[PDB]
Amino acid sequence: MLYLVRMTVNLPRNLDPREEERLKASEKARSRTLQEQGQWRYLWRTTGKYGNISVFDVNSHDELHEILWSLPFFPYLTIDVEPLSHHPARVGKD
Amino acid sequence: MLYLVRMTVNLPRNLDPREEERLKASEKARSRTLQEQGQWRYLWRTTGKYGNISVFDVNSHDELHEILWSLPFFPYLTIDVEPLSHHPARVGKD
Amino acid sequence: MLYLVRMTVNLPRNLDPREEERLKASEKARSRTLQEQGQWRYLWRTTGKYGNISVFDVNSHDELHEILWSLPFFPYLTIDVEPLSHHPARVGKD
Amino acid sequence: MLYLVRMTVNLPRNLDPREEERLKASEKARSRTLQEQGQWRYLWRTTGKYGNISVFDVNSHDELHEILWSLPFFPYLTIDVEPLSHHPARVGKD
Amino acid sequence: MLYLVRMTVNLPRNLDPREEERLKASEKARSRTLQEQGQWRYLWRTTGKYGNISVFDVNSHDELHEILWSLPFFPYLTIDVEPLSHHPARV
Amino acid sequence: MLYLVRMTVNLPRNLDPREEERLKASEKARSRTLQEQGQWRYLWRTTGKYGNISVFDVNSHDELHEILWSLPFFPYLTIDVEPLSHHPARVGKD
Amino acid sequence: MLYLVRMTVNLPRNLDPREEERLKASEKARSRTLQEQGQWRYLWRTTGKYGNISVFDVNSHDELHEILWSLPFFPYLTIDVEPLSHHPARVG
Amino acid sequence: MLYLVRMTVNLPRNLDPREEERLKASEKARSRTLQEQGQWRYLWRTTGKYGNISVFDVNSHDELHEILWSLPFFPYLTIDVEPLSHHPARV
Amino acid sequence: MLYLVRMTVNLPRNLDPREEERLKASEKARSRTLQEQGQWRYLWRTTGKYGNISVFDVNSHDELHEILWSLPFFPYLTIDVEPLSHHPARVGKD
Amino acid sequence: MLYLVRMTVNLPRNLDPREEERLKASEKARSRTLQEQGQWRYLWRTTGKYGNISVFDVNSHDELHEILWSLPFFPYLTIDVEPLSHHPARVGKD
Ligand SMILES: [Cl-]
Ligand SMILES: [Cl-]
Ligand SMILES: [Cl-]
Ligand SMILES: [Cl-]
Ligand SMILES: [Cl-]
Ligand SMILES: [Cl-]
Ligand SMILES: [Cl-]
Ligand SMILES: [Cl-]
Ligand SMILES: [Cl-]
Ligand SMILES: [Cl-]
Ligand SMILES: [Cl-]
Ligand SMILES: [Cl-]
Ligand SMILES: [Cl-]
Ligand SMILES: [Cl-]
Ligand SMILES: [Mg+2]
Ligand SMILES: [Mg+2]
Ligand SMILES: [Mg+2]
């Protein structure tokens, strides 16, 4: 099942610069795994913005929740989740 | 380049049914052509709603504008256009 | 899996009263079938308003979409859909 | 009487880790008792968010207020409360 | 139980004038009985607006729903409902 | 003349317990005084929230501003003020 | 008592032309009176829009309400009302 | 030319008492000068809130900008600026 | 002085076709004159929309008001106006 | 490709005068270069606010994104990006 997921990142200014670097690296490694495995299907950045606009391909809401909750950035994210359906006019794969 | 495009459809209440069925057919035919040609890259239906969420891959704003203005549904659409950029953490193709 | 679904009903003021009564009877019959078959899991009235707050239990976004699209009231509904996940603190049935 | 209640949780970043862990266990024990007793009728996780959607079954607005005010998380919650009425098309339990 | 209820009225421009007079009289008669009985506890008009801001006192959500749905104006109202609780500092 | 006033409270997290309780005590005392004198005509708690919905009965906007300013909570309140007029269909007290 | 009042005007497209010119003349005459009295204290037009942004100067909310309800345009107006208080830094 | 200006004030919670005092004093002195000179034409308090609604009378957008930027409170203000035009019904 | 002006066009669906043609021709001729004279300094279309986003250069708010009020499309426009100032970092023309 | 870009600036309250002076200087120098090279086509101040309205002229969304990310002010900016198209009624340069 497909979901459109928007994430806005607000890392705190008083965040320790050294922890910030560890967080950033952990986040990148985690999104790599998830893209390689296919759950994180598309990953784009809205032009001019931090954060991402993505499509996830997972088999349940619970799975999507666990993936998002697991992200190192989660405590600093604002997330919007929108289910996507097959469009009858679609030519090719969803 | 990539654009995330949301469209919501509000067809007039007083549309003659013979016109409405042919308008829907022409819209579907036009989106088919655009998907086949590659400009309309992804097309999804907003779950529970008469609209679509799409990704267009076109070479200019003017090209996207002309494509949207061309749609049979255009006079009845509410459209939001968001430019998408490459995410540095992307694994694979944009 | 579960979805929280809000629906608000806006029937046209010019609706033939006989057609309005037929439409309402059709809507009520359709929601009965969907509740008996288990997809329409919970159904409440929004106090003071002509609408409902519901919980649907289906196997895909597409299933939910087809169900909502099929409702006799669909052309007159404003619908919001939100996925729900199992809460780790839940004691009892979902 | 039933109420739909949305809660979003924003724990302070400067929360002492032992304070936080015990706050989390206290919250879970409290929601457990309220669910066992029936006042907290349904509880779901908002997919992708630190929060919940709940249905409470209590005898008065005052009873609901006291329950919410008493939750360990209350000082860190954003709460929305909406009364629910019995829907005439309901087949099955509320 | 108390509820704060806001109502905004939008009567259609194409309402038959006689029908509009009758509707207004029916609405006023209905709010009169509900206020006399106590369920419609307070009724104010928002300054500058064709609406009301009210407090209802009823025994359940279902009772309030039936009362609101019963109003002659219901098809033309935008309604917001908010539960009110006793304030511990109330004197 | 009558005003509907909504207040939401956001106390600082960094208050010593003694200063927090003193603040809450001063607030309660101030609201008691205004209620006894009649300027604070009605006072209700928003179910599930730390705030109030109130009706003030005062002789000028200037008087209302000074009253609201004078509340110990003022520096921590979000306030909305709405003038109320006598309703021609009213039967009973304002 | 001072109030900041915003009004946006939406006349029906199907208004009889004669009736519409009459309504406009009645509105202008009514605002003239209220301005002469000082109750409609300031009257401006938001640049680019059909309506007004105004300050009213009246004794009570109820008086303001009757004034607004009285306007020939009232059925076609969207109105926002905000109370204004004396500012301690005001000079004059 | 006239402008309707809304200002909402959010002073830092960490300001020194003495420093905040001086800052408020500087703000009040600046608004006094601007009102005496006529550029700050009207100044009202938004009832119940720490803000103001103002009308400015200046000769260009650039002049208004320089005036607002100069306010001691500027870093702590949220400002909305609306150009006002002469109303044909103004007496 | 300069103003950013956004305009969205909503022509009635019940316009006689000749009237609509004349209206469009009149609008285009009026915007031509204003651009040639310099009051309408810049004119762009928001991609995907029937409107424009423009910069006007006029000597007063009243002058802008009269120009906008003059437009044949005025009754069908939603307009937003915001003042622009010379930016101290600008290199090149305004 | 033209883009309309709004930026609002929120500099940290704790920057000392020399930090602030240097950051502003760096931002000004960066915008100078971008204007000289033609990517930053128009630049105006938002009257009464610490911000700007700009028109950028670049060959891809990614080019704009890298330019915005490169600004000294970027961590402190709120940015909105809107694609612009050529308007059929335009007389003059874009
Ligand atoms: Cl990200
Ligand atoms: Cl699930
Ligand atoms: Cl579609
Ligand atoms: Cl282009
Ligand atoms: Cl329903
Ligand atoms: Cl929770
Ligand atoms: Cl009413
Ligand atoms: Cl309170
Ligand atoms: Cl007007
Ligand atoms: Cl009054
Ligand atoms: Cl102020
Ligand atoms: Cl246009
Ligand atoms: Cl002017
Ligand atoms: Cl800037
Ligand atoms: Mg007209
Ligand atoms: Mg048309
Ligand atoms: Mg604006």
# chains A, B, ... in the order shown; residues from 1 in each chain; ligands from 1
call {"tool": "residues_near_ligand", "arguments": {"ligand": "ligand 1", "cutoff": "10 Å", "atoms": "only C-alpha atoms and all ligand atoms", "output": "number ranges by chain"}}
result
A: 6-9, 24, 27-28, 31, 43-46, 49-54, 73, 77; B: 87-90
call {"tool": "write_last_selection", "arguments": {"atoms": "N, CA and C atoms", "output": "PDB file, in the first residue's frame"}}
result
ATOM      1  N   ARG A   6       4.902  13.551   4.216  1.00  0.00           N
ATOM      2  CA  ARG A   6       5.694  14.790   4.263  1.00  0.00           C
ATOM      3  C   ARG A   6       6.348  14.911   5.625  1.00  0.00           C
ATOM      4  N   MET A   7       7.620  15.280   5.661  1.00  0.00           N
ATOM      5  CA  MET A   7       8.333  15.435   6.926  1.00  0.00           C
ATOM      6  C   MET A   7       9.063  16.762   6.968  1.00  0.00           C
ATOM      7  N   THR A   8       8.777  17.547   8.001  1.00  0.00           N
ATOM      8  CA  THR A   8       9.478  18.804   8.236  1.00  0.00           C
ATOM      9  C   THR A   8      10.378  18.614   9.455  1.00  0.00           C
ATOM     10  N   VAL A   9      11.644  19.002   9.303  1.00  0.00           N
ATOM     11  CA  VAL A   9      12.681  18.791  10.319  1.00  0.00           C
ATOM     12  C   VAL A   9      13.001  20.080  11.058  1.00  0.00           C
ATOM     13  N   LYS A  24      22.510  12.975  12.394  1.00  0.00           N
ATOM     14  CA  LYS A  24      22.432  13.131  10.941  1.00  0.00           C
ATOM     15  C   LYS A  24      22.960  11.885  10.240  1.00  0.00           C
ATOM     16  N   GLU A  27      20.468   8.955  10.802  1.00  0.00           N
ATOM     17  CA  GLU A  27      19.290   9.189   9.960  1.00  0.00           C
ATOM     18  C   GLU A  27      19.555   8.763   8.509  1.00  0.00           C
ATOM     19  N   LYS A  28      20.683   9.201   7.960  1.00  0.00           N
ATOM     20  CA  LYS A  28      21.051   8.865   6.582  1.00  0.00           C
ATOM     21  C   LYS A  28      21.228   7.348   6.409  1.00  0.00           C
ATOM     22  N   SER A  31      17.667   5.765   6.436  1.00  0.00           N
ATOM     23  CA  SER A  31      16.884   5.947   5.213  1.00  0.00           C
ATOM     24  C   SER A  31      17.530   5.151   4.091  1.00  0.00           C
ATOM     25  N   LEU A  43      11.942   9.356  -2.412  1.00  0.00           N
ATOM     26  CA  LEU A  43      12.408  10.326  -1.465  1.00  0.00           C
ATOM     27  C   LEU A  43      12.838  11.548  -2.244  1.00  0.00           C
ATOM     28  N   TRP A  44      12.138  12.659  -2.034  1.00  0.00           N
ATOM     29  CA  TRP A  44      12.467  13.941  -2.654  1.00  0.00           C
ATOM     30  C   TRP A  44      12.567  15.013  -1.593  1.00  0.00           C
ATOM     31  N   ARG A  45      13.136  16.157  -1.941  1.00  0.00           N
ATOM     32  CA  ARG A  45      13.194  17.311  -1.021  1.00  0.00           C
ATOM     33  C   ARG A  45      12.378  18.410  -1.644  1.00  0.00           C
ATOM     34  N   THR A  46      11.454  19.044  -0.918  1.00  0.00           N
ATOM     35  CA  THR A  46      10.741  20.163  -1.512  1.00  0.00           C
ATOM     36  C   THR A  46      11.754  21.282  -1.757  1.00  0.00           C
ATOM     37  N   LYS A  49      13.483  23.865   0.891  1.00  0.00           N
ATOM     38  CA  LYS A  49      13.121  23.443   2.234  1.00  0.00           C
ATOM     39  C   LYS A  49      14.064  22.374   2.741  1.00  0.00           C
ATOM     40  N   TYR A  50      14.104  22.234   4.065  1.00  0.00           N
ATOM     41  CA  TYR A  50      14.800  21.098   4.692  1.00  0.00           C
ATOM     42  C   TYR A  50      13.833  19.870   4.645  1.00  0.00           C
ATOM     43  N   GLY A  51      14.152  18.716   5.215  1.00  0.00           N
ATOM     44  CA  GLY A  51      13.129  17.685   5.344  1.00  0.00           C
ATOM     45  C   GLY A  51      12.853  16.959   4.034  1.00  0.00           C
ATOM     46  N   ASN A  52      11.709  16.283   3.909  1.00  0.00           N
ATOM     47  CA  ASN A  52      11.444  15.508   2.689  1.00  0.00           C
ATOM     48  C   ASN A  52       9.958  15.328   2.390  1.00  0.00           C
ATOM     49  N   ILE A  53       9.687  14.962   1.141  1.00  0.00           N
ATOM     50  CA  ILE A  53       8.378  14.552   0.698  1.00  0.00           C
ATOM     51  C   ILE A  53       8.586  13.193   0.014  1.00  0.00           C
ATOM     52  N   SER A  54       7.881  12.172   0.511  1.00  0.00           N
ATOM     53  CA  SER A  54       8.204  10.795   0.212  1.00  0.00           C
ATOM     54  C   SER A  54       7.005   9.945  -0.116  1.00  0.00           C
ATOM     55  N   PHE A  73      15.535  11.013  13.432  1.00  0.00           N
ATOM     56  CA  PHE A  73      14.977  12.362  13.444  1.00  0.00           C
ATOM     57  C   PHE A  73      13.583  12.484  14.105  1.00  0.00           C
ATOM     58  N   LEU A  77      10.614  15.774  14.044  1.00  0.00           N
ATOM     59  CA  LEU A  77       9.841  15.843  12.827  1.00  0.00           C
ATOM     60  C   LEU A  77       8.384  16.237  13.036  1.00  0.00           C
TER      61      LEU A  77
ATOM     62  N   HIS B  87      17.014  14.820  -3.218  1.00  0.00           N
ATOM     63  CA  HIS B  87      17.361  14.705  -1.824  1.00  0.00           C
ATOM     64  C   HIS B  87      18.734  14.071  -1.715  1.00  0.00           C
ATOM     65  N   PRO B  88      19.626  14.683  -0.937  1.00  0.00           N
ATOM     66  CA  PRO B  88      20.986  14.129  -0.870  1.00  0.00           C
ATOM     67  C   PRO B  88      21.067  12.688  -0.352  1.00  0.00           C
ATOM     68  N   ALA B  89      20.103  12.289   0.464  1.00  0.00           N
ATOM     69  CA  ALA B  89      20.022  10.929   0.987  1.00  0.00           C
ATOM     70  C   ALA B  89      19.336   9.938   0.056  1.00  0.00           C
ATOM     71  N   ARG B  90      18.976  10.377  -1.142  1.00  0.00           N
ATOM     72  CA  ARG B  90      18.331   9.465  -2.084  1.00  0.00           C
ATOM     73  C   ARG B  90      19.268   8.353  -2.540  1.00  0.00           C
TER      74      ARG B  90
END
call {"tool": "residues_around", "arguments": {"residues": "region 37-49 of chain G", "least_positions_apart": "6", "cutoff": "10 Å", "atoms": "only C-alpha atoms", "output": "ChimeraX atom specification"}}
result
/G:1-9,31,55-59,63-64,67 /H:2-4,82-91 /I:5,61-69,74-75,77-82
call {"tool": "calpha_fit_and_write", "arguments": {"fixed": "chain F", "moving": "chain A", "output": "PDB file with C-alpha atoms, in the first residue's frame"}}
result
ATOM      1  CA  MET A   1     -21.914  45.157  28.060  1.00  0.00           C
ATOM      2  CA  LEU A   2     -21.175  41.461  27.605  1.00  0.00           C
ATOM      3  CA  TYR A   3     -18.061  39.828  26.206  1.00  0.00           C
ATOM      4  CA  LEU A   4     -17.253  36.204  25.549  1.00  0.00           C
ATOM      5  CA  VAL A   5     -13.608  35.697  26.608  1.00  0.00           C
ATOM      6  CA  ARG A   6     -11.566  32.581  26.042  1.00  0.00           C
ATOM      7  CA  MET A   7      -8.298  32.111  27.932  1.00  0.00           C
ATOM      8  CA  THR A   8      -5.669  29.448  27.319  1.00  0.00           C
ATOM      9  CA  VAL A   9      -3.021  29.048  30.044  1.00  0.00           C
ATOM     10  CA  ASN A  10       0.563  28.084  29.270  1.00  0.00           C
ATOM     11  CA  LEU A  11       2.605  28.210  32.428  1.00  0.00           C
ATOM     12  CA  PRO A  12       6.260  27.700  31.560  1.00  0.00           C
ATOM     13  CA  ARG A  13       7.737  24.303  32.453  1.00  0.00           C
ATOM     14  CA  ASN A  14      10.843  25.945  33.902  1.00  0.00           C
ATOM     15  CA  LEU A  15       8.640  28.109  36.096  1.00  0.00           C
ATOM     16  CA  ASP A  16       9.787  27.849  39.699  1.00  0.00           C
ATOM     17  CA  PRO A  17       7.393  25.450  41.473  1.00  0.00           C
ATOM     18  CA  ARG A  18       7.155  27.775  44.502  1.00  0.00           C
ATOM     19  CA  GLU A  19       6.341  30.847  42.355  1.00  0.00           C
ATOM     20  CA  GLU A  20       3.832  28.707  40.487  1.00  0.00           C
ATOM     21  CA  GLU A  21       1.950  28.043  43.687  1.00  0.00           C
ATOM     22  CA  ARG A  22       1.889  31.730  44.629  1.00  0.00           C
ATOM     23  CA  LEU A  23       0.685  32.606  41.133  1.00  0.00           C
ATOM     24  CA  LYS A  24      -2.099  30.039  41.255  1.00  0.00           C
ATOM     25  CA  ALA A  25      -3.333  31.297  44.607  1.00  0.00           C
ATOM     26  CA  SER A  26      -3.220  34.951  43.550  1.00  0.00           C
ATOM     27  CA  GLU A  27      -5.102  34.105  40.345  1.00  0.00           C
ATOM     28  CA  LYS A  28      -7.860  32.259  42.243  1.00  0.00           C
ATOM     29  CA  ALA A  29      -8.233  35.129  44.743  1.00  0.00           C
ATOM     30  CA  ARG A  30      -8.446  37.653  41.916  1.00  0.00           C
ATOM     31  CA  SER A  31     -11.105  35.735  39.976  1.00  0.00           C
ATOM     32  CA  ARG A  32     -13.042  35.321  43.214  1.00  0.00           C
ATOM     33  CA  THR A  33     -13.178  39.115  43.759  1.00  0.00           C
ATOM     34  CA  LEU A  34     -14.174  39.694  40.173  1.00  0.00           C
ATOM     35  CA  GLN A  35     -16.956  37.122  40.272  1.00  0.00           C
ATOM     36  CA  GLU A  36     -18.227  38.430  43.647  1.00  0.00           C
ATOM     37  CA  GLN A  37     -18.347  41.938  42.226  1.00  0.00           C
ATOM     38  CA  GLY A  38     -20.113  40.785  39.084  1.00  0.00           C
ATOM     39  CA  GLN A  39     -17.632  41.751  36.352  1.00  0.00           C
ATOM     40  CA  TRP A  40     -16.698  38.107  35.894  1.00  0.00           C
ATOM     41  CA  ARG A  41     -20.241  36.939  35.265  1.00  0.00           C
ATOM     42  CA  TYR A  42     -19.777  33.364  34.065  1.00  0.00           C
ATOM     43  CA  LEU A  43     -16.712  31.161  34.367  1.00  0.00           C
ATOM     44  CA  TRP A  44     -16.524  27.690  32.819  1.00  0.00           C
ATOM     45  CA  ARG A  45     -13.702  25.327  31.817  1.00  0.00           C
ATOM     46  CA  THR A  46     -13.742  23.772  28.356  1.00  0.00           C
ATOM     47  CA  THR A  47     -14.045  20.029  28.942  1.00  0.00           C
ATOM     48  CA  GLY A  48     -10.594  18.412  28.642  1.00  0.00           C
ATOM     49  CA  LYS A  49      -8.640  21.704  28.741  1.00  0.00           C
ATOM     50  CA  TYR A  50      -6.823  23.974  31.172  1.00  0.00           C
ATOM     51  CA  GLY A  51      -7.812  27.700  31.230  1.00  0.00           C
ATOM     52  CA  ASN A  52     -11.376  29.045  30.890  1.00  0.00           C
ATOM     53  CA  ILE A  53     -14.244  30.219  28.728  1.00  0.00           C
ATOM     54  CA  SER A  54     -16.028  33.155  30.335  1.00  0.00           C
ATOM     55  CA  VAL A  55     -18.532  35.935  30.046  1.00  0.00           C
ATOM     56  CA  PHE A  56     -17.569  39.365  31.366  1.00  0.00           C
ATOM     57  CA  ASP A  57     -20.077  42.098  32.154  1.00  0.00           C
ATOM     58  CA  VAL A  58     -18.279  45.462  32.208  1.00  0.00           C
ATOM     59  CA  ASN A  59     -19.033  48.977  31.093  1.00  0.00           C
ATOM     60  CA  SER A  60     -16.243  49.528  28.582  1.00  0.00           C
ATOM     61  CA  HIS A  61     -13.448  47.955  26.576  1.00  0.00           C
ATOM     62  CA  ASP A  62     -10.964  49.840  28.743  1.00  0.00           C
ATOM     63  CA  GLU A  63     -12.401  48.300  31.882  1.00  0.00           C
ATOM     64  CA  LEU A  64     -12.216  44.796  30.400  1.00  0.00           C
ATOM     65  CA  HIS A  65      -8.632  45.436  29.314  1.00  0.00           C
ATOM     66  CA  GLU A  66      -7.585  46.612  32.759  1.00  0.00           C
ATOM     67  CA  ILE A  67      -9.217  43.557  34.360  1.00  0.00           C
ATOM     68  CA  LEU A  68      -7.484  41.113  32.036  1.00  0.00           C
ATOM     69  CA  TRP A  69      -4.096  42.889  32.236  1.00  0.00           C
ATOM     70  CA  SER A  70      -4.434  42.703  36.037  1.00  0.00           C
ATOM     71  CA  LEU A  71      -4.756  38.908  36.208  1.00  0.00           C
ATOM     72  CA  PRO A  72      -1.763  37.206  37.756  1.00  0.00           C
ATOM     73  CA  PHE A  73      -1.867  34.685  34.867  1.00  0.00           C
ATOM     74  CA  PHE A  74      -1.847  37.403  32.145  1.00  0.00           C
ATOM     75  CA  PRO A  75       1.768  36.894  31.007  1.00  0.00           C
ATOM     76  CA  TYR A  76       0.925  33.229  30.424  1.00  0.00           C
ATOM     77  CA  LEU A  77      -2.443  33.634  28.748  1.00  0.00           C
ATOM     78  CA  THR A  78      -3.667  33.530  25.190  1.00  0.00           C
ATOM     79  CA  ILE A  79      -6.915  35.511  25.153  1.00  0.00           C
ATOM     80  CA  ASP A  80      -9.685  35.888  22.597  1.00  0.00           C
ATOM     81  CA  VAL A  81     -12.307  38.604  23.196  1.00  0.00           C
ATOM     82  CA  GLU A  82     -15.648  38.681  21.412  1.00  0.00           C
ATOM     83  CA  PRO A  83     -18.366  41.309  21.985  1.00  0.00           C
ATOM     84  CA  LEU A  84     -21.856  39.903  22.553  1.00  0.00           C
ATOM     85  CA  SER A  85     -25.052  41.678  21.584  1.00  0.00           C
ATOM     86  CA  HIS A  86     -28.674  41.379  22.541  1.00  0.00           C
ATOM     87  CA  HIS A  87     -30.453  38.829  20.378  1.00  0.00           C
ATOM     88  CA  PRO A  88     -33.915  39.901  19.335  1.00  0.00           C
ATOM     89  CA  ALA A  89     -35.238  36.390  19.987  1.00  0.00           C
ATOM     90  CA  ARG A  90     -33.979  36.425  23.598  1.00  0.00           C
ATOM     91  CA  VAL A  91     -36.594  35.569  26.201  1.00  0.00           C
ATOM     92  CA  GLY A  92     -35.565  36.918  29.593  1.00  0.00           C
ATOM     93  CA  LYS A  93     -32.412  38.822  30.525  1.00  0.00           C
ATOM     94  CA  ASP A  94     -29.270  39.028  28.352  1.00  0.00           C
TER      95      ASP A  94
END
call {"tool": "select_by_dssp", "arguments": {"residues": "region 28-62 of chain I", "states": "strand (DSSP E or B)", "output": "number ranges by chain"}}
result
I: 40-46, 51-57
call {"tool": "write_last_selection", "arguments": {"atoms": "C-alpha atoms", "output": "PDB file, in the first residue's frame"}}
result
ATOM      1  CA  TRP I  40       1.793  47.560 -14.785  1.00  0.00           C
ATOM      2  CA  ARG I  41       5.502  46.886 -14.491  1.00  0.00           C
ATOM      3  CA  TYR I  42       5.668  43.077 -14.369  1.00  0.00           C
ATOM      4  CA  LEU I  43       3.054  40.465 -15.226  1.00  0.00           C
ATOM      5  CA  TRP I  44       3.430  36.694 -14.809  1.00  0.00           C
ATOM      6  CA  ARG I  45       0.982  33.779 -14.638  1.00  0.00           C
ATOM      7  CA  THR I  46       1.137  31.363 -11.690  1.00  0.00           C
ATOM      8  CA  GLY I  51      -4.604  34.369 -12.723  1.00  0.00           C
ATOM      9  CA  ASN I  52      -1.649  36.586 -12.554  1.00  0.00           C
ATOM     10  CA  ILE I  53       0.968  37.727 -10.147  1.00  0.00           C
ATOM     11  CA  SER I  54       2.055  41.248 -10.928  1.00  0.00           C
ATOM     12  CA  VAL I  55       4.124  44.221  -9.850  1.00  0.00           C
ATOM     13  CA  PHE I  56       2.533  47.655 -10.145  1.00  0.00           C
ATOM     14  CA  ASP I  57       4.453  50.956 -10.119  1.00  0.00           C
TER      15      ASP I  57
END
call {"tool": "select_by_dssp", "arguments": {"residues": "region 8-91 of chain G", "states": "alpha helix (DSSP H)", "output": "ChimeraX atom specification"}}
result
/G:17-37,61-70
call {"tool": "atom_distance", "arguments": {"atom1": "CA of residue 84 (chain G)", "atom2": "CA of residue 50 (chain H)"}}
result
12.0 Å
call {"tool": "interface_residues", "arguments": {"of": "chain H", "to": "chain J", "cutoff": "7 Å", "atoms": "only C-alpha atoms", "output": "list in words"}}
result
residues 61, 64, 65, 68, 69, 79 and 81 of chain H
call {"tool": "atom_distance", "arguments": {"atom1": "CA of residue 50 (chain G)", "atom2": "CA of residue 49 (chain E)"}}
result
19.1 Å
call {"tool": "residues_near_ligand", "arguments": {"ligand": "ligand 15", "cutoff": "9 Å", "atoms": "only C-alpha atoms and all ligand atoms", "output": "ChimeraX atom specification"}}
result
/G:10-15,17,20 /I:75
call {"tool": "write_last_selection", "arguments": {"atoms": "N, CA and C atoms", "output": "short mmCIF file (atom, residue, chain, number, x, y, z; two decimals), in the first residue's frame"}}
result
data_model
loop_
_atom_site.label_atom_id
_atom_site.label_comp_id
_atom_site.auth_asym_id
_atom_site.auth_seq_id
_atom_site.Cartn_x
_atom_site.Cartn_y
_atom_site.Cartn_z
N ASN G 10 -20.59 41.74 -1.10
CA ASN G 10 -20.85 40.81 -2.21
C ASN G 10 -22.28 40.93 -2.69
N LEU G 11 -22.50 41.87 -3.60
CA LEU G 11 -23.81 42.05 -4.22
C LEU G 11 -24.09 40.90 -5.17
N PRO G 12 -25.33 40.40 -5.15
CA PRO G 12 -25.69 39.34 -6.10
C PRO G 12 -25.56 39.77 -7.57
N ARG G 13 -25.07 38.88 -8.42
CA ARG G 13 -24.93 39.15 -9.84
C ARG G 13 -26.30 39.39 -10.44
N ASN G 14 -27.33 38.77 -9.87
CA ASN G 14 -28.68 38.91 -10.44
C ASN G 14 -29.52 40.05 -9.89
N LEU G 15 -28.89 41.00 -9.21
CA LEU G 15 -29.62 42.13 -8.66
C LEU G 15 -30.15 42.97 -9.84
N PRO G 17 -30.67 45.99 -12.04
CA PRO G 17 -29.78 47.15 -12.16
C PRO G 17 -30.30 48.40 -11.45
N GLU G 20 -30.16 48.00 -7.72
CA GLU G 20 -28.79 48.06 -7.25
C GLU G 20 -28.32 49.50 -7.13
N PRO I 75 -14.91 42.72 -11.36
CA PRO I 75 -15.99 42.05 -10.63
C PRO I 75 -15.77 40.56 -10.41
#
call {"tool": "residues_near_ligand", "arguments": {"ligand": "ligand 7", "cutoff": "9 Å", "atoms": "only C-alpha atoms and all ligand atoms", "output": "list in words"}}
result
residues 7, 8, 9, 27, 28, 43, 44, 45, 50, 51, 52, 53 and 73 of chain E; 87, 88 and 89 of chain F
call {"tool": "write_last_selection", "arguments": {"atoms": "N, CA and C atoms", "output": "tab-separated table (two decimals), in the first residue's frame"}}
result
chain	number	residue	atom	x	y	z
E	7	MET	N	-24.00	29.43	16.34
E	7	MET	CA	-24.79	29.20	15.15
E	7	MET	C	-24.71	30.40	14.22
E	8	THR	N	-24.37	30.12	12.97
E	8	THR	CA	-24.35	31.12	11.92
E	8	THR	C	-25.48	30.80	10.94
E	9	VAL	N	-26.30	31.80	10.65
E	9	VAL	CA	-27.47	31.63	9.81
E	9	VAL	C	-27.22	32.09	8.38
E	27	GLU	N	-38.92	29.55	14.14
E	27	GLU	CA	-37.65	29.48	14.85
E	27	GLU	C	-37.75	30.22	16.18
E	28	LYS	N	-38.31	31.42	16.14
E	28	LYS	CA	-38.45	32.24	17.35
E	28	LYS	C	-39.36	31.52	18.37
E	43	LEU	N	-28.65	32.83	25.48
E	43	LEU	CA	-28.77	33.15	24.07
E	43	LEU	C	-28.34	34.61	23.88
E	44	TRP	N	-27.23	34.81	23.17
E	44	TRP	CA	-26.71	36.13	22.84
E	44	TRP	C	-26.52	36.21	21.31
E	45	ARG	N	-26.46	37.43	20.78
E	45	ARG	CA	-26.15	37.59	19.36
E	45	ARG	C	-24.73	38.10	19.24
E	50	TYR	N	-25.42	37.92	11.94
E	50	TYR	CA	-26.68	37.20	12.01
E	50	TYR	C	-26.34	35.82	12.52
E	51	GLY	N	-26.15	35.75	13.81
E	51	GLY	CA	-26.02	34.43	14.40
E	51	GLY	C	-26.30	34.48	15.88
E	52	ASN	N	-26.17	33.34	16.54
E	52	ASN	CA	-26.19	33.39	17.98
E	52	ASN	C	-25.04	32.62	18.55
E	53	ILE	N	-24.76	32.97	19.77
E	53	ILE	CA	-23.85	32.24	20.63
E	53	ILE	C	-24.67	31.94	21.86
E	73	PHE	N	-34.49	26.47	11.67
E	73	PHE	CA	-33.33	26.99	10.93
E	73	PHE	C	-32.27	25.95	10.59
F	87	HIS	N	-29.86	39.41	22.21
F	87	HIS	CA	-30.54	38.73	21.13
F	87	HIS	C	-32.05	39.01	21.21
F	88	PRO	N	-32.66	39.44	20.09
F	88	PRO	CA	-34.08	39.82	20.14
F	88	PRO	C	-35.01	38.68	20.52
F	89	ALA	N	-34.63	37.45	20.19
F	89	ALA	CA	-35.37	36.26	20.64
F	89	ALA	C	-35.07	35.77	22.07
call {"tool": "interface_residues", "arguments": {"of": "chain G", "to": "chain E", "cutoff": "7 Å", "atoms": "only C-alpha atoms", "output": "list in words"}}
result
residues 61, 65, 68, 69, 79 and 81 of chain G
